[PDB]
């Protein structure tokens, strides 16, 4: 019931493992906070006093299995240093995945030039997850019935033009129509000597509250098969 993040990162592989964990937890927490899967499709682990919810793979909850297997293609592109961005998108009409209600962007950069310079990797990891909570606890609800789709983007100068992660085909339309007025939340970054991981959220204006001191809160691209 405990999830332990590497405090110190010394090898590229430690770093690669951390990013996969970071990607999984974030996708899991985000989908849990926005109620995209019911409570019973998540297990609970702890992150030094922080309640975290991990998506489970089970036939009992539909679509949960497909997202977990989608991550498999994300991990593959990640190890091979091909992956640039993961876009997880929420849409309502099961026939127009291009018209979306909300999405989440996960950006990756590969480096050897030490961590990020700002103006301990476990503190940063716990700050990123805590920020996802603070910045998405109070977002207005999504529509009642929603669908999930995923888009991968690569560093094309190192990626074989015919490469496909497991479960992914080459993509159709790179852009999407955002219903309403989109707001861009930059949640945060986490860096290691070898990787940078960023999280950005795009939500509709009416889902924001701007409740202040009140009583309420004082190019290659891939798609899935």
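Residue numbers count along the first chain shown, from 1.
Engineer: Mind giving me a quick count class for deposited residues absent from the model between residue 218 and residue 219? Options are none, 1 to 3, 4 to 9, 10 or more.
Structural biologist: The entry has a long gap there, with 10 or more residues left out between residue 218 and residue 219.
Engineer: Which has the higher mean CA temperature factor in the PDB entry, 19 to 27 or 202 to 210?
Structural biologist: The recorded data point to 202 to 210.
Engineer: When the C-alpha temperature factors are averaged for each of 53 to 61 and 183 to 191, which stretch ends up with the higher value in the entry?
Structural biologist: It is 53 to 61 that shows the higher mean C-alpha B-factor.
Engineer: Please place residue 89 in the lowest, middle or highest third of its chain by C-alpha B factor as given in the entry.
Structural biologist: It belongs to the lowest third of the chain when residues are ordered by C-alpha B-factor.
Engineer: Determine, from the deposited record, the chain-internal third of the Cα B-factor for residue 98: lowest, middle or highest.
Structural biologist: It belongs to the middle third of the chain when residues are ordered by C-alpha B-factor.
Engineer: Place residue 150 in the lowest, middle or highest third of its chain's C-alpha B-factors, as listed in the PDB entry.
Structural biologist: It belongs to the lowest third of the chain when residues are ordered by C-alpha B-factor.
Engineer: Select lowest, middle or highest to describe the third in which the CA B-factor of residue 107 falls within its chain in this entry.
Structural biologist: For residue 107, the deposited C-alpha B-factor lands in the lowest third.
Engineer: For residue 81, does the deposited CA B-factor place it in the lowest, middle or highest third of the chain?
Structural biologist: For residue 81, whose C-alpha B-factor we compare with every modelled residue in the chain, the answer is the lowest third.
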